[PDB]
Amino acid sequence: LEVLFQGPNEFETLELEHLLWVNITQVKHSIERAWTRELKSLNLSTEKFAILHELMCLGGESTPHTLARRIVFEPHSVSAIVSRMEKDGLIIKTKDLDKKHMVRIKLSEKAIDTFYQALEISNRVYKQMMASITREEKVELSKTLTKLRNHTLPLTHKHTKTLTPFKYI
């Protein structure tokens, strides 16, 4: 005999758009926790891997402002992450010879070799994580998420980002 007055209340039924935000949050946390443990032996968080990857796309050297433009994160966050990486020996900062006050940021050989290793592990980890959804589901998920990013990024980022135009296939 089911007990009375103990079933879910009205706050467990959400607008679909709110449930989508819960879903996005839960998958981002679930996948990050699993990937971060597999990458532990290289001491990479997801943000340090993202910054290594963007600098690889830039030919291994750039400036803080160009890297910030290319990546979704806030610039103060980009700067904090780069400073952590500098202390890990992954990034070398040098004074630009021309512009007083401008910094150039360059990946070390150690960091490029770490990225070698981390990209191969990372690709295996994302594939095994997403093996439960089909190619077509993956294709439509990227299209829908891309529509959402294109609609929402300009609400707070007004010409400040020119995100790296990643391709697949």
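Position 1 is the first residue in the sequence shown; the rest follow in order.
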query	finding
Unmodelled residue 86 in at least one third of other entries with both flanks present	no
Flanks modelled, residue 98 absent in at least a third of other entries	yes
Mean temperature factor over C-alpha atoms, higher-scoring stretch between 23-31 and 105-113	105-113
Which of 128-136 and 114-122 has higher mean CA B factor, as the PDB entry lists it	128-136
Modelled-residue ranking by C-alpha temperature factor, third containing residue 9	lowest
Where the record places residue 157 (Cα B-factor, split into thirds across the chain)	middle
Lowest, middle or highest third - CA B-factor, residue 41	highest
Ranked against its chain, the third holding the CA B-factor of residue 100	highest
